[PDB]
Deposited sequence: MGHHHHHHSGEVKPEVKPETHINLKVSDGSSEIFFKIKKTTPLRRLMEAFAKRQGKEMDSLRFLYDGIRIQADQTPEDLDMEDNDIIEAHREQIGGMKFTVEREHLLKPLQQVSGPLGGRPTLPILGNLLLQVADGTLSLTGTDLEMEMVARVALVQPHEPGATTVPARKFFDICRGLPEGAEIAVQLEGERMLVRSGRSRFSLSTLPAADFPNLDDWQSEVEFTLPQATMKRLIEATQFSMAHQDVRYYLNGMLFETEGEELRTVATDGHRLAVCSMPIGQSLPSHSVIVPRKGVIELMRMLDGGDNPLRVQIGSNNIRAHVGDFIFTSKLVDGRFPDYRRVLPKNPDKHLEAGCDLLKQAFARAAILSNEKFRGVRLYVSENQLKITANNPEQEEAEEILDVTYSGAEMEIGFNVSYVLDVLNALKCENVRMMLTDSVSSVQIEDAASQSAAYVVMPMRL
(Lines of atoms letter the chains of each structure in order from A and count residues from 1; the text may use other names and numbers.)
(Lines give C-alpha, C1' and ligand atoms only; values in the text may rest on other atoms or scores of the structure.)
Protein backbone atom coordinates (compact mmCIF):
# COMPACT_ATOMS: atom_id res chain seq x y z
CA UNK A 1 0.00 0.00 0.00
CA UNK A 2 3.08 2.22 -0.49
CA UNK A 3 2.57 2.80 -4.23
CA UNK A 4 -0.40 3.87 -6.32
CA UNK A 5 -1.70 2.84 -9.76
CA UNK A 6 -2.91 5.76 -11.89
CA UNK A 7 -4.45 6.05 -15.35
CA UNK A 8 -3.68 9.10 -17.50
CA UNK A 9 -6.07 9.58 -20.42
CA UNK A 10 -6.51 12.24 -23.09
CA UNK A 11 -9.76 10.66 -24.35
CA UNK A 12 -8.08 8.37 -26.92
CA UNK A 13 -4.64 7.44 -25.53
CA UNK A 14 -4.43 5.90 -22.05
CA UNK A 15 -1.17 5.28 -20.18
CA UNK A 16 -0.90 3.60 -16.77
CA UNK A 17 1.68 4.47 -14.09
CA UNK A 18 2.74 2.95 -10.78
CA UNK A 19 4.34 5.57 -8.53
CA UNK A 20 5.07 5.98 -4.85
CA UNK A 21 2.34 7.87 -3.00
CA UNK A 22 5.06 10.35 -1.91
CA UNK A 23 6.56 11.00 -5.36
CA UNK A 24 5.66 14.21 -7.23
CA UNK A 25 3.51 13.75 -10.33
CA UNK A 26 5.93 15.80 -12.48
CA UNK A 27 7.71 12.79 -13.97
CA UNK A 28 4.37 11.17 -14.80
CA UNK A 29 3.01 14.27 -16.56
CA UNK A 30 6.13 14.82 -18.66
CA UNK A 31 6.24 11.16 -19.71
CA UNK A 32 2.61 11.27 -20.86
CA UNK A 33 3.17 14.48 -22.83
CA UNK A 34 6.23 12.86 -24.43
CA UNK A 35 4.19 9.86 -25.62
CA UNK A 36 1.77 12.29 -27.32
CA UNK A 37 4.57 14.26 -28.99
CA UNK A 38 3.26 17.37 -27.22
CA UNK A 39 5.01 20.02 -25.14
CA UNK A 40 4.59 19.87 -21.36
CA UNK A 41 3.11 23.38 -21.46
CA UNK A 42 0.58 22.44 -24.17
CA UNK A 43 -1.44 20.20 -21.80
CA UNK A 44 -3.23 20.62 -18.49
CA UNK A 45 -3.59 17.64 -16.14
CA UNK A 46 -6.90 17.63 -14.26
CA UNK A 47 -7.92 15.42 -11.33
CA UNK A 48 -11.73 15.62 -11.09
CA UNK A 49 -11.34 18.88 -12.98
CA UNK A 50 -8.77 20.36 -10.57
CA UNK A 51 -5.44 21.32 -12.13
CA UNK A 52 -2.55 19.27 -10.77
CA UNK A 53 0.62 21.17 -9.90
CA UNK A 54 3.84 19.39 -10.86
CA UNK A 55 5.22 19.28 -7.29
CA UNK A 56 2.12 17.64 -5.77
CA UNK A 57 2.09 13.94 -4.87
CA UNK A 58 -0.75 11.37 -4.94
CA UNK A 59 -0.75 11.55 -1.13
CA UNK A 60 -1.27 15.33 -1.22
CA UNK A 61 -4.31 14.82 -3.48
CA UNK A 62 -5.68 11.78 -1.58
CA UNK A 63 -5.63 9.78 -4.78
CA UNK A 64 -6.69 6.13 -4.68
CA UNK A 65 -5.95 3.03 -6.72
CA UNK A 66 -6.93 3.33 -10.39
CA UNK A 67 -7.80 7.02 -10.10
CA UNK A 68 -7.79 8.81 -13.45
CA UNK A 69 -5.85 11.90 -14.50
CA UNK A 70 -7.35 13.57 -17.56
CA UNK A 71 -4.97 15.26 -19.97
CA UNK A 72 -6.68 18.15 -21.75
CA UNK A 73 -5.34 20.60 -24.32
CA UNK A 74 -4.12 23.72 -22.53
CA UNK A 75 -6.89 26.20 -21.72
CA UNK A 76 -5.94 28.67 -18.98
CA UNK A 77 -8.85 28.92 -16.56
CA UNK A 78 -10.78 26.75 -18.98
CA UNK A 79 -13.88 25.75 -16.94
CA UNK A 80 -17.08 26.60 -18.83
CA UNK A 81 -20.71 25.53 -18.52
CA UNK A 82 -24.24 26.68 -19.36
CA UNK A 83 -27.09 25.40 -17.25
CA UNK A 84 -30.75 26.10 -16.64
CA UNK A 85 -31.41 28.20 -13.55
CA UNK A 86 -33.92 25.60 -12.39
CA UNK A 87 -31.25 22.91 -12.47
CA UNK A 88 -28.91 24.99 -10.23
CA UNK A 89 -31.22 26.51 -7.62
CA UNK A 90 -31.75 23.58 -5.23
CA UNK A 91 -28.13 22.32 -5.48
CA UNK A 92 -26.86 25.83 -4.67
CA UNK A 93 -29.27 26.22 -1.77
CA UNK A 94 -28.25 22.85 -0.35
CA UNK A 95 -24.48 23.31 -0.47
CA UNK A 96 -24.56 26.90 0.82
CA UNK A 97 -25.76 25.67 4.23
CA UNK A 98 -22.41 24.73 5.80
CA UNK A 99 -16.37 31.97 6.58
CA UNK A 100 -13.77 34.10 8.36
CA UNK A 101 -11.58 37.00 7.17
CA UNK A 102 -8.64 34.63 7.69
CA UNK A 103 -10.54 31.81 5.88
CA UNK A 104 -12.21 33.48 2.88
CA UNK A 105 -12.18 30.23 0.92
CA UNK A 106 -14.67 28.68 3.35
CA UNK A 107 -17.25 31.23 2.22
CA UNK A 108 -16.79 29.94 -1.35
CA UNK A 109 -18.25 26.97 -3.21
CA UNK A 110 -15.88 24.70 -5.07
CA UNK A 111 -17.10 24.20 -8.65
CA UNK A 112 -15.74 21.31 -10.71
CA UNK A 113 -16.61 20.40 -14.29
CA UNK A 114 -15.53 16.91 -15.30
CA UNK A 115 -16.97 13.76 -16.88
CA UNK A 116 -20.14 15.52 -18.05
CA UNK A 117 -20.96 16.72 -14.51
CA UNK A 118 -20.88 19.94 -12.49
CA UNK A 119 -20.01 19.33 -8.83
CA UNK A 120 -20.62 22.02 -6.21
CA UNK A 121 -19.13 21.69 -2.70
CA UNK A 122 -19.53 23.72 0.47
CA UNK A 123 -17.57 23.09 3.64
CA UNK A 124 -16.77 24.51 7.06
CA UNK A 125 -13.72 22.20 7.55
CA UNK A 126 -15.69 19.77 9.72
CA UNK A 127 -18.53 18.89 7.36
CA UNK A 128 -19.06 19.14 3.63
CA UNK A 129 -22.03 19.00 1.27
CA UNK A 130 -21.56 18.01 -2.38
CA UNK A 131 -24.12 18.24 -5.18
CA UNK A 132 -23.79 16.76 -8.68
CA UNK A 133 -25.58 18.35 -11.64
CA UNK A 134 -25.64 16.67 -15.06
CA UNK A 135 -24.48 18.99 -17.86
CA UNK A 136 -26.87 18.66 -20.81
CA UNK A 137 -25.21 21.49 -22.81
CA UNK A 138 -21.62 21.76 -24.09
CA UNK A 139 -19.01 22.46 -21.43
CA UNK A 140 -15.26 22.55 -20.80
CA UNK A 141 -13.58 20.89 -17.79
CA UNK A 142 -11.90 22.79 -14.98
CA UNK A 143 -12.50 24.13 -11.50
CA UNK A 144 -12.63 27.27 -9.37
CA UNK A 145 -14.12 28.53 -6.11
CA UNK A 146 -16.63 31.38 -5.96
CA UNK A 147 -18.45 33.29 -3.14
CA UNK A 148 -21.34 31.02 -2.27
CA UNK A 149 -24.02 33.46 -1.11
CA UNK A 150 -23.44 35.96 -3.92
CA UNK A 151 -23.49 33.22 -6.57
CA UNK A 152 -26.70 31.75 -5.11
CA UNK A 153 -28.38 35.16 -4.86
CA UNK A 154 -27.47 36.00 -8.46
CA UNK A 155 -28.90 32.74 -9.76
CA UNK A 156 -32.07 33.10 -7.64
CA UNK A 157 -32.49 36.70 -8.76
CA UNK A 158 -32.50 35.83 -12.46
CA UNK A 159 -35.91 35.31 -14.09
CA UNK A 160 -37.76 32.01 -14.30
CA UNK A 161 -36.38 29.85 -17.09
CA UNK A 162 -33.07 31.70 -17.45
CA UNK A 163 -30.00 29.95 -18.80
CA UNK A 164 -26.84 30.72 -16.85
CA UNK A 165 -23.48 30.70 -18.65
CA UNK A 166 -20.34 30.55 -16.52
CA UNK A 167 -16.68 30.89 -17.46
CA UNK A 168 -13.39 32.09 -15.99
CA UNK A 169 -11.56 35.33 -16.74
CA UNK A 170 -8.27 35.77 -14.91
CA UNK A 171 -9.03 35.81 -11.19
CA UNK A 172 -12.78 36.26 -11.68
CA UNK A 173 -15.73 34.09 -12.65
CA UNK A 174 -18.02 35.60 -15.31
CA UNK A 175 -21.74 34.77 -15.04
CA UNK A 176 -23.95 35.76 -17.98
CA UNK A 177 -27.69 35.44 -18.51
CA UNK A 178 -29.77 37.56 -20.89
CA UNK A 179 -28.25 41.04 -20.69
CA UNK A 180 -27.18 40.49 -17.07
CA UNK A 181 -23.44 40.17 -16.39
CA UNK A 182 -21.66 39.42 -13.11
CA UNK A 183 -17.97 39.14 -12.31
CA UNK A 184 -17.18 37.42 -9.02
CA UNK A 185 -13.81 37.11 -7.29
CA UNK A 186 -12.36 33.60 -7.16
CA UNK A 187 -9.85 31.63 -5.15
CA UNK A 188 -7.99 28.62 -6.58
CA UNK A 189 -9.73 25.24 -6.54
CA UNK A 190 -6.42 23.60 -5.58
CA UNK A 191 -6.66 25.54 -2.29
CA UNK A 192 -10.11 24.22 -1.36
CA UNK A 193 -9.90 21.76 1.56
CA UNK A 194 -11.06 18.19 1.21
CA UNK A 195 -11.66 15.55 3.86
CA UNK A 196 -9.39 12.57 3.31
CA UNK A 197 -10.99 9.24 2.48
CA UNK A 198 -11.98 6.75 5.16
CA UNK A 199 -13.39 3.24 5.42
CA UNK A 200 -17.09 2.69 5.99
CA UNK A 201 -17.69 0.32 8.91
CA UNK A 202 -21.49 0.03 8.96
CA UNK A 203 -23.62 0.88 5.94
CA UNK A 204 -27.37 0.80 5.51
CA UNK A 205 -30.22 2.30 3.51
CA UNK A 206 -33.40 3.63 5.09
CA UNK A 207 -36.35 5.86 4.12
CA UNK A 208 -35.82 9.59 4.54
CA UNK A 209 -38.95 9.77 6.69
CA UNK A 210 -37.46 7.22 9.11
CA UNK A 211 -34.25 9.20 9.64
CA UNK A 212 -36.36 12.36 9.97
CA UNK A 213 -38.53 10.71 12.65
CA UNK A 214 -35.41 9.56 14.53
CA UNK A 215 -33.89 13.05 14.59
CA UNK A 216 -37.09 14.99 15.32
CA UNK A 217 -37.93 12.62 18.17
CA UNK A 218 -34.74 13.52 20.06
CA UNK A 219 -33.15 16.69 18.63
CA UNK A 220 -34.76 19.02 21.20
CA UNK A 221 -33.03 17.17 24.09
CA UNK A 222 -29.51 17.90 22.90
CA UNK A 223 -27.37 20.13 25.07
CA UNK A 224 -26.51 23.62 23.86
CA UNK A 225 -22.81 24.54 24.15
CA UNK A 226 -22.27 22.12 27.05
CA UNK A 227 -18.66 21.70 28.11
CA UNK A 228 -19.37 17.97 27.82
CA UNK A 229 -18.94 18.37 24.08
CA UNK A 230 -20.33 14.89 23.41
CA UNK A 231 -23.73 16.00 24.75
CA UNK A 232 -24.02 18.73 22.14
CA UNK A 233 -24.42 16.05 19.50
CA UNK A 234 -26.79 13.19 18.86
CA UNK A 235 -25.90 9.56 19.43
CA UNK A 236 -26.55 7.36 16.42
CA UNK A 237 -26.56 3.68 17.33
CA UNK A 238 -26.99 0.52 15.31
CA UNK A 239 -28.08 -2.57 17.25
CA UNK A 240 -29.56 -5.71 15.76
CA UNK A 241 -32.05 -4.58 13.13
CA UNK A 242 -32.68 -1.10 14.57
CA UNK A 243 -31.20 2.37 14.29
CA UNK A 244 -31.38 4.49 17.44
CA UNK A 245 -30.84 8.15 18.30
CA UNK A 246 -30.17 9.46 21.81
CA UNK A 247 -29.93 13.03 23.06
CA UNK A 248 -29.58 14.45 26.55
CA UNK A 249 -28.56 17.65 28.31
CA UNK A 250 -28.42 16.21 31.83
CA UNK A 251 -31.96 17.30 32.74
CA UNK A 252 -33.89 15.34 30.12
CA UNK A 253 -33.12 12.53 27.72
CA UNK A 254 -34.82 11.43 24.52
CA UNK A 255 -34.28 8.04 22.87
CA UNK A 256 -35.92 6.78 19.68
CA UNK A 257 -35.41 3.39 17.97
CA UNK A 258 -36.65 2.40 14.52
CA UNK A 259 -36.28 -0.83 12.51
CA UNK A 260 -34.24 -0.72 9.33
CA UNK A 261 -34.98 -4.23 8.05
CA UNK A 262 -31.36 -5.40 7.97
CA UNK A 263 -29.34 -6.77 10.86
CA UNK A 264 -26.14 -4.80 11.38
CA UNK A 265 -23.02 -4.85 13.54
CA UNK A 266 -23.43 -2.84 16.71
CA UNK A 267 -21.96 0.66 16.25
CA UNK A 268 -22.29 3.86 18.28
CA UNK A 269 -21.14 7.35 17.22
CA UNK A 270 -21.86 10.98 18.13
CA UNK A 271 -22.96 13.33 15.34
CA UNK A 272 -22.27 17.05 16.06
CA UNK A 273 -25.17 19.48 16.42
CA UNK A 274 -24.45 21.22 13.11
CA UNK A 275 -24.26 17.84 11.38
CA UNK A 276 -27.69 16.85 12.69
CA UNK A 277 -29.01 20.17 11.36
CA UNK A 278 -27.51 19.56 7.91
CA UNK A 279 -28.75 15.95 7.80
CA UNK A 280 -32.29 17.24 8.37
CA UNK A 281 -31.92 19.79 5.56
CA UNK A 282 -31.26 17.01 3.04
CA UNK A 283 -34.42 15.02 3.84
CA UNK A 284 -36.66 16.66 1.26
CA UNK A 285 -38.19 11.00 -3.89
CA UNK A 286 -35.61 8.26 -3.22
CA UNK A 287 -34.38 6.84 0.14
CA UNK A 288 -31.19 7.57 2.07
CA UNK A 289 -27.91 5.63 2.21
CA UNK A 290 -25.78 6.05 5.33
CA UNK A 291 -22.14 5.09 5.82
CA UNK A 292 -20.68 5.30 9.32
CA UNK A 293 -16.96 5.13 9.98
CA UNK A 294 -14.90 5.36 13.14
CA UNK A 295 -14.49 9.15 12.90
CA UNK A 296 -16.88 10.29 10.15
CA UNK A 297 -20.43 9.82 8.88
CA UNK A 298 -21.70 10.16 5.32
CA UNK A 299 -25.24 10.38 3.94
CA UNK A 300 -26.16 9.91 0.27
CA UNK A 301 -29.48 11.49 -0.75
CA UNK A 302 -30.32 11.63 -4.44
CA UNK A 303 -27.56 13.63 -6.14
CA UNK A 304 -26.21 15.00 -2.83
CA UNK A 305 -23.53 13.67 -0.48
CA UNK A 306 -23.08 14.98 3.07
CA UNK A 307 -20.04 14.13 5.20
CA UNK A 308 -19.35 15.12 8.79
CA UNK A 309 -16.68 14.52 11.35
CA UNK A 310 -17.90 12.71 14.46
CA UNK A 311 -17.59 13.89 18.04
CA UNK A 312 -14.85 11.95 19.83
CA UNK A 313 -16.19 11.23 23.31
CA UNK A 314 -18.02 8.79 25.57
CA UNK A 315 -21.79 9.21 25.28
CA UNK A 316 -23.93 8.19 28.29
CA UNK A 317 -25.78 4.87 28.23
CA UNK A 318 -29.51 5.63 28.04
CA UNK A 319 -30.25 2.19 29.52
CA UNK A 320 -28.83 3.35 32.87
CA UNK A 321 -30.98 6.49 32.84
CA UNK A 322 -34.35 4.83 32.30
CA UNK A 323 -36.27 4.43 35.59
CA UNK A 324 -35.75 0.91 36.95
CA UNK A 325 -39.33 0.13 38.11
CA UNK A 326 -41.66 3.02 37.15
CA UNK A 327 -44.69 1.16 38.55
CA UNK A 328 -47.19 4.10 38.71
CA UNK A 329 -48.65 4.59 35.22
CA UNK A 330 -50.74 7.60 34.24
CA UNK A 331 -52.38 7.81 30.81
CA UNK A 332 -53.96 10.93 29.38
CA UNK A 333 -54.84 12.43 26.02
CA UNK A 334 -51.74 14.14 24.66
CA UNK A 335 -53.41 17.33 23.44
CA UNK A 336 -55.51 17.79 26.57
CA UNK A 337 -52.42 17.38 28.76
CA UNK A 338 -50.35 19.72 26.59
CA UNK A 339 -52.98 22.47 26.57
CA UNK A 340 -53.35 22.28 30.36
CA UNK A 341 -49.58 22.50 30.93
CA UNK A 342 -49.37 25.37 28.44
CA UNK A 343 -51.98 27.40 30.34
CA UNK A 344 -50.44 26.62 33.73
CA UNK A 345 -47.03 27.68 32.40
CA UNK A 346 -48.30 31.27 31.96
CA UNK A 347 -48.21 31.76 35.74
CA UNK A 348 -45.04 29.78 36.45
CA UNK A 349 -41.76 31.38 37.50
CA UNK A 350 -40.25 32.95 34.40
CA UNK A 351 -36.77 31.64 35.25
CA UNK A 352 -37.34 28.27 36.95
CA UNK A 353 -40.66 27.35 35.25
CA UNK A 354 -41.72 24.95 38.02
CA UNK A 355 -45.22 23.46 38.02
CA UNK A 356 -46.61 20.96 40.50
CA UNK A 357 -48.46 17.77 39.59
CA UNK A 358 -50.84 16.10 42.02
CA UNK A 359 -51.86 12.64 40.85
CA UNK A 360 -54.82 10.87 42.42
CA UNK A 361 -57.36 8.27 41.35
CA UNK A 362 -58.13 9.04 37.67
CA UNK A 363 -57.27 12.71 38.19
CA UNK A 364 -54.35 15.05 37.57
CA UNK A 365 -54.14 18.52 39.10
CA UNK A 366 -51.50 20.90 37.71
CA UNK A 367 -50.68 24.07 39.65
CA UNK A 368 -48.28 26.94 38.98
CA UNK A 369 -47.26 29.90 41.17
CA UNK A 370 -44.88 32.81 40.54
CA UNK A 371 -43.10 35.42 42.70
CA UNK A 372 -46.05 37.80 42.15
CA UNK A 373 -48.19 35.19 44.00
CA UNK A 374 -50.34 34.56 40.94
CA UNK A 375 -51.66 31.02 40.62
CA UNK A 376 -52.94 28.67 37.92
CA UNK A 377 -54.82 25.45 38.54
CA UNK A 378 -55.87 22.83 35.95
CA UNK A 379 -57.85 19.66 36.69
CA UNK A 380 -57.93 16.84 34.12
CA UNK A 381 -59.52 13.41 33.97
CA UNK A 382 -56.76 10.81 33.44
CA UNK A 383 -56.35 7.04 33.84
CA UNK A 384 -54.49 6.49 37.11
CA UNK A 385 -54.89 3.99 39.95
CA UNK A 386 -51.57 4.26 41.83
CA UNK A 387 -50.68 5.95 45.11
CA UNK A 388 -51.25 9.68 45.37
CA UNK A 389 -48.17 11.80 44.82
CA UNK A 390 -47.03 15.35 44.29
CA UNK A 391 -44.14 15.94 41.91
CA UNK A 392 -42.63 19.12 40.47
CA UNK A 393 -41.38 19.70 36.94
CA UNK A 394 -39.89 22.33 34.70
CA UNK A 395 -42.97 22.85 32.51
CA UNK A 396 -40.83 23.73 29.46
CA UNK A 397 -39.24 20.27 29.54
CA UNK A 398 -42.68 18.66 29.86
CA UNK A 399 -44.13 20.70 27.01
CA UNK A 400 -41.08 19.86 24.86
CA UNK A 401 -41.82 16.15 25.30
CA UNK A 402 -45.56 16.45 24.65
CA UNK A 403 -44.90 18.48 21.51
CA UNK A 404 -42.45 15.84 20.22
CA UNK A 405 -44.94 13.02 20.87
CA UNK A 406 -47.23 13.31 17.86
CA UNK A 407 -49.83 10.94 19.17
CA UNK A 408 -53.26 10.54 20.70
CA UNK A 409 -52.40 9.39 24.25
CA UNK A 410 -49.32 9.52 26.43
CA UNK A 411 -48.16 7.37 29.33
CA UNK A 412 -46.26 8.87 32.25
CA UNK A 413 -44.36 6.26 34.26
CA UNK A 414 -43.78 7.47 37.81
CA UNK A 415 -41.74 6.22 40.77
CA UNK A 416 -41.60 8.89 43.51
CA UNK A 417 -41.25 12.65 43.88
CA UNK A 418 -37.44 12.76 43.56
CA UNK A 419 -36.95 10.31 40.69
CA UNK A 420 -37.08 10.81 36.96
CA UNK A 421 -40.32 10.22 35.04
CA UNK A 422 -40.47 8.23 31.81
CA UNK A 423 -42.92 9.52 29.20
CA UNK A 424 -43.92 7.68 26.03
CA UNK A 425 -46.68 7.35 23.49
CA UNK A 426 -49.25 5.13 25.20
CA UNK A 427 -49.48 3.12 21.96
CA UNK A 428 -45.80 2.87 20.99
CA UNK A 429 -42.52 2.15 22.74
CA UNK A 430 -40.45 3.44 19.80
CA UNK A 431 -39.53 6.63 21.68
CA UNK A 432 -39.02 7.29 25.37
CA UNK A 433 -38.42 10.52 27.26
CA UNK A 434 -36.91 10.83 30.73
CA UNK A 435 -37.30 14.05 32.71
CA UNK A 436 -35.80 14.72 36.12
CA UNK A 437 -38.20 16.38 38.60
CA UNK A 438 -37.57 19.57 40.55
CA UNK A 439 -37.67 19.40 44.34
CA UNK A 440 -40.61 21.05 46.10
query: Unmodelled intervals of the deposited chain, in order; finding: 1-18, 117-118, 305-306
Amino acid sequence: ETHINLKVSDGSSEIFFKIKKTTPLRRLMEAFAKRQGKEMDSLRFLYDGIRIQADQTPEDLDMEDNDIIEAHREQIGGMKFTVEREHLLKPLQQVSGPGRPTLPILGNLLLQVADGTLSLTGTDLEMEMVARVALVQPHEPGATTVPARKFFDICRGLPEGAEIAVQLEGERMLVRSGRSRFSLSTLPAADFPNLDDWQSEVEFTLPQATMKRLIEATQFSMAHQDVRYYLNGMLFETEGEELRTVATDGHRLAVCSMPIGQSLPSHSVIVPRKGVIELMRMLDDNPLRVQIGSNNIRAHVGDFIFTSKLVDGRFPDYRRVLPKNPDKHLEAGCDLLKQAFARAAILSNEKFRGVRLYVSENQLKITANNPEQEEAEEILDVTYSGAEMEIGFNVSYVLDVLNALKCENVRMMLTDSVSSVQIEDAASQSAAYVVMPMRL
From here on, numbers count along this sequence of modelled residues.
| property | result |
| --- | --- |
| Stretch with the greater mean C-alpha B-factor as recorded in the entry, comparing 411-419 against 397-405 | 411-419 |
| Greater mean Cα temperature factor according to the PDB record, 79-87 or 99-107 | 99-107 |
| Out of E241, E160, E140, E237, residue topping the C-alpha B-factor column of the entry | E241 |
| Highest-ranked of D335, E216, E171, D317 once sorted by CA temperature factor in the record | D317 |
| For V175, the third of its chain into which the C-alpha B factor falls | lowest |
| CA B-factor ranking of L61, expressed as a third of its chain | highest |
| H224, C-alpha B-factor rank within chain (lowest, middle or highest third) | highest |
| Third assignment of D153 from its chain's C-alpha B-factors | lowest |
| Third of chain Cα B-factors occupied by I391 | middle |
